[PDB]
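# Coordinates in review
The primary structure of each chain is shown beneath.
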Amino acid sequence: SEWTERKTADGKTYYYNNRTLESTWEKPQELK
């Protein structure tokens, strides 16, 4: 649940996490 799924009106759902400072714009399976 540690990934931030933020649905912005930019027309994109980004999953930014400080784990790697990475943003996964494709939905990870290890998101839990």
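That block above? That's the structure.
These notes cover the structure that comes with them.

Mapped onto the fold, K27 is located in the segment after β3 (22-24). Judged by relative accessible area, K27 falls into the exposed class, the value being 58%. Distance from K27 to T4, taken between C-alpha atoms, is 11 Å for residues 23 residues apart in sequence.

In terms of burial, strand β1 (residues 4-8) is a largely surface element, zero of the five residues being buried. As judged from the five bridges shared by β1 and strand β2 (residues 12-17), these two strands associate in the antiparallel manner. Across the sheet, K7 pairs through a bridge with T13, a residue of β2. Between β1 and β2, which follow one another and run antiparallel, lie three residues, and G11 among them has a positive phi close to 90 degrees.

The subject of this paragraph is the sheet that holds β2. Spatial strand order, β1-β2-β3: three strands in an open sheet with antiparallel pairing. Strands with a single pairing partner mark the edges of an open sheet, and in this sheet they are β1 and β3. Pairs of neighbouring strands in the sheet enclose a mean axial angle of 30 degrees, with direction left out of account.

Take the side chain of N17 next. When you line up the elements, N17 lands in strand β2. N17 gets classed as buried once you look at its relative accessible area, which sits at 6%. Setting aside anything within four residues of it in sequence, one finds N17 in contact with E2, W3 and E22.

Rules used in this analysis
The residue numbers you see begin from 1 on each chain and track the sequence as written, which may not match the entry, and residues missing coordinates are not shown. In computing side-chain properties, one takes all heavy atoms of the structure into account and sets aside hydrogens as well as water. Counting from the N terminus, the helices are DSSP H or I runs at least four residues long and the strands are E runs at least two residues long. Whether a residue is buried, partly exposed or exposed follows from its accessible area with a 1.4 Å probe, protein chains only, as a fraction of its type maximum: under 20%, in between, or over 50%, in that order. Strands qualify as paired when DSSP identifies two bridges or more between them. Orientation is described by lines fitted to C-alpha atoms, with helices fitted over the stretch in contact, and by angles between N-to-C directions that extend from 0 to 180 degrees. In this description, contact between two residues means that some pair of their heavy atoms is separated by no more than 4.5 Å.

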